[PDB]
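What follows is the content of upload.cif (mmCIF, C-alpha atoms).
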data_model
loop_
_atom_site.group_PDB
_atom_site.id
_atom_site.type_symbol
_atom_site.label_atom_id
_atom_site.label_comp_id
_atom_site.auth_asym_id
_atom_site.auth_seq_id
_atom_site.Cartn_x
_atom_site.Cartn_y
_atom_site.Cartn_z
ATOM 1 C CA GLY M 17 -6.401 -2.600 -16.423
ATOM 2 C CA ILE M 18 -4.755 -1.153 -13.324
ATOM 3 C CA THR M 19 -1.217 -1.715 -12.045
ATOM 4 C CA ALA M 20 0.645 -0.720 -8.881
ATOM 5 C CA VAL M 21 4.267 -1.028 -7.770
ATOM 6 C CA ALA M 22 5.516 -1.136 -4.180
ATOM 7 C CA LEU M 23 8.395 1.169 -3.252
ATOM 8 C CA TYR M 24 9.361 -0.980 -0.267
ATOM 9 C CA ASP M 25 8.478 -4.232 1.501
ATOM 10 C CA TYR M 26 5.510 -3.909 3.857
ATOM 11 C CA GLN M 27 3.609 -6.377 6.040
ATOM 12 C CA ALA M 28 -0.167 -6.076 6.384
ATOM 13 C CA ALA M 29 -1.290 -6.132 10.016
ATOM 14 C CA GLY M 30 -4.760 -7.369 9.117
ATOM 15 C CA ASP M 31 -6.552 -10.345 7.585
ATOM 16 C CA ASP M 32 -8.147 -8.038 5.014
ATOM 17 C CA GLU M 33 -4.787 -6.420 4.236
ATOM 18 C CA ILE M 34 -2.095 -8.188 2.210
ATOM 19 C CA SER M 35 1.625 -7.600 1.667
ATOM 20 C CA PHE M 36 3.690 -7.349 -1.519
ATOM 21 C CA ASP M 37 7.247 -7.053 -2.834
ATOM 22 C CA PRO M 38 9.032 -4.117 -4.556
ATOM 23 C CA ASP M 39 9.603 -5.929 -7.852
ATOM 24 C CA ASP M 40 6.327 -7.797 -7.389
ATOM 25 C CA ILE M 41 3.868 -5.536 -9.206
ATOM 26 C CA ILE M 42 0.136 -6.037 -8.656
ATOM 27 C CA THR M 43 -2.854 -5.228 -10.869
ATOM 28 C CA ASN M 44 -6.367 -3.863 -10.305
ATOM 29 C CA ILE M 45 -5.176 -1.341 -7.711
ATOM 30 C CA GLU M 46 -7.815 1.357 -7.244
ATOM 31 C CA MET M 47 -8.018 4.209 -4.736
ATOM 32 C CA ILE M 48 -10.765 3.464 -2.214
ATOM 33 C CA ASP M 49 -9.352 4.855 1.031
ATOM 34 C CA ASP M 50 -7.837 8.316 1.475
ATOM 35 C CA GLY M 51 -4.903 6.633 3.191
ATOM 36 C CA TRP M 52 -5.235 3.057 1.942
ATOM 37 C CA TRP M 53 -5.875 1.308 -1.376
ATOM 38 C CA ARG M 54 -7.069 -2.021 -2.784
ATOM 39 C CA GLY M 55 -5.516 -4.240 -5.433
ATOM 40 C CA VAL M 56 -5.527 -7.757 -6.854
ATOM 41 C CA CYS M 57 -2.516 -10.077 -6.946
ATOM 42 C CA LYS M 58 -3.169 -13.069 -9.199
ATOM 43 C CA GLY M 59 -6.715 -13.312 -7.877
ATOM 44 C CA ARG M 60 -5.871 -12.019 -4.410
ATOM 45 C CA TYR M 61 -7.922 -9.035 -3.243
ATOM 46 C CA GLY M 62 -6.676 -6.910 -0.362
ATOM 47 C CA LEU M 63 -5.468 -3.522 0.849
ATOM 48 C CA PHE M 64 -2.319 -1.740 -0.317
ATOM 49 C CA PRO M 65 -0.345 0.446 2.156
ATOM 50 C CA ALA M 66 -0.459 3.872 0.515
ATOM 51 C CA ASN M 67 2.572 4.750 2.650
ATOM 52 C CA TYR M 68 4.671 1.901 1.228
ATOM 53 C CA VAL M 69 3.071 1.313 -2.177
ATOM 54 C CA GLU M 70 2.161 3.604 -5.073
ATOM 55 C CA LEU M 71 -0.442 3.587 -7.848
ATOM 56 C CA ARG M 72 1.108 3.583 -11.323
ATOM 57 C CA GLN M 73 -1.925 3.606 -13.618
ATOM 58 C CA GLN N 165 23.658 9.676 8.827
ATOM 59 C CA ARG N 166 23.591 7.498 5.709
ATOM 60 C CA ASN N 167 20.575 5.343 6.591
ATOM 61 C CA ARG N 168 16.939 6.342 7.088
ATOM 62 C CA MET N 169 14.230 4.621 9.130
ATOM 63 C CA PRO N 170 10.988 3.457 7.422
ATOM 64 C CA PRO N 171 7.986 5.842 7.170
ATOM 65 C CA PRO N 172 5.092 5.696 9.692
ATOM 66 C CA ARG N 173 1.811 3.908 8.975
ATOM 67 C CA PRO N 174 -1.338 5.853 7.947
ATOM 68 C CA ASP N 175 -4.237 6.406 10.347
ATOM 69 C CA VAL N 176 -6.641 3.564 9.559
ATOM 70 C CA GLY N 177 -8.884 4.154 12.558
ATOM 71 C CA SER N 178 -8.137 7.829 13.145
ATOM 72 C CA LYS N 179 -9.078 10.505 10.612
ATOM 73 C CA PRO N 180 -9.273 14.339 10.483
ATOM 74 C CA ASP N 181 -12.591 16.183 10.724
ATOM 75 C CA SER N 182 -11.674 18.714 8.035
ATOM 76 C CA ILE N 183 -9.648 18.688 4.816
#
Please go through the file and, once you have read it, give me the structure as structure tokens.
Amino acid sequence: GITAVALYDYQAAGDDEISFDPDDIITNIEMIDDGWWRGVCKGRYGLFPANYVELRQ
Amino acid sequence: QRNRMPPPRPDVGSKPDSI
């Protein structure tokens, strides 16, 4: 059970990367890339901007 | 100033050779 919250609003510049909202918290966010991450939003897998988002758990 | 511009994006294609 993983959860991540975005500090600001970001827009993914790739088909594999997705965007999220500050209040909109996602789950299943694990650290895969030294600069990027990967989470799951209601069954939506993608990349999380480590520069705009942050891993809670 | 009172406002601050957004932070830069991480290097997705570019990466350092060392730590």
Name every residue that the PyMOL selection byres ((chain M and resi 58) around 10) selects in this structure, writing the answer as an NGL selection string with chains first and numbers rising.
-> :M and (42-44 or 55-57 or 59-61)
Matched chain/residue IDs from the PyMOL selection byres ((chain M and resi 54) around 10), as a tab-separated table (two decimals) with C-alpha atoms, keeping the file's coordinate frame:
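The file below, part_20.tsv, is the result:
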chain	number	residue	atom	x	y	z
M	20	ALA	CA	0.64	-0.72	-8.88
M	32	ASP	CA	-8.15	-8.04	5.01
M	33	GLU	CA	-4.79	-6.42	4.24
M	34	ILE	CA	-2.10	-8.19	2.21
M	43	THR	CA	-2.85	-5.23	-10.87
M	44	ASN	CA	-6.37	-3.86	-10.30
M	45	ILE	CA	-5.18	-1.34	-7.71
M	46	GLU	CA	-7.82	1.36	-7.24
M	47	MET	CA	-8.02	4.21	-4.74
M	48	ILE	CA	-10.76	3.46	-2.21
M	49	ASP	CA	-9.35	4.86	1.03
M	52	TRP	CA	-5.24	3.06	1.94
M	53	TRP	CA	-5.88	1.31	-1.38
M	55	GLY	CA	-5.52	-4.24	-5.43
M	56	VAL	CA	-5.53	-7.76	-6.85
M	61	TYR	CA	-7.92	-9.04	-3.24
M	62	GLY	CA	-6.68	-6.91	-0.36
M	63	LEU	CA	-5.47	-3.52	0.85
M	64	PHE	CA	-2.32	-1.74	-0.32
M	65	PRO	CA	-0.34	0.45	2.16
M	66	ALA	CA	-0.46	3.87	0.52
Could you build a table of the residues in chain N lying no more than 12 Å from chain M, giving for each the nearest pair of atoms and their separation in Å rounded to one decimal place, using only C-alpha atoms, ordered by chain and ascending residue number, as CSV?
residue,atom,partner,partner_atom,distance
N:169,CA,M:24,CA,12.0
N:170,CA,M:68,CA,9.0
N:171,CA,M:67,CA,7.1
N:172,CA,M:67,CA,7.5
N:173,CA,M:67,CA,6.4
N:174,CA,M:51,CA,6.0
N:175,CA,M:51,CA,7.2
N:176,CA,M:51,CA,7.3
N:177,CA,M:51,CA,10.5
N:178,CA,M:51,CA,10.5
N:179,CA,M:51,CA,9.4
N:180,CA,M:50,CA,10.9
N:183,CA,M:50,CA,11.0
Between CA of residue 167 (chain N) and CA of residue 35 (chain M), what is the distance, to one decimal in Å?
->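 That distance, rounded to one decimal, is 23.5 Å.
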Quick one: distance from CA of residue 27 (chain M) to CA of residue 168 (chain N) in Å, one decimal?
->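 Separating CA of residue 27 (chain M) from CA of residue 168 (chain N) is a distance of 18.5 Å.
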Figure out the distance between CA of residue 165 (chain N) and CA of residue 25 (chain M), please, to one decimal in Å.
-> 21.9 Å
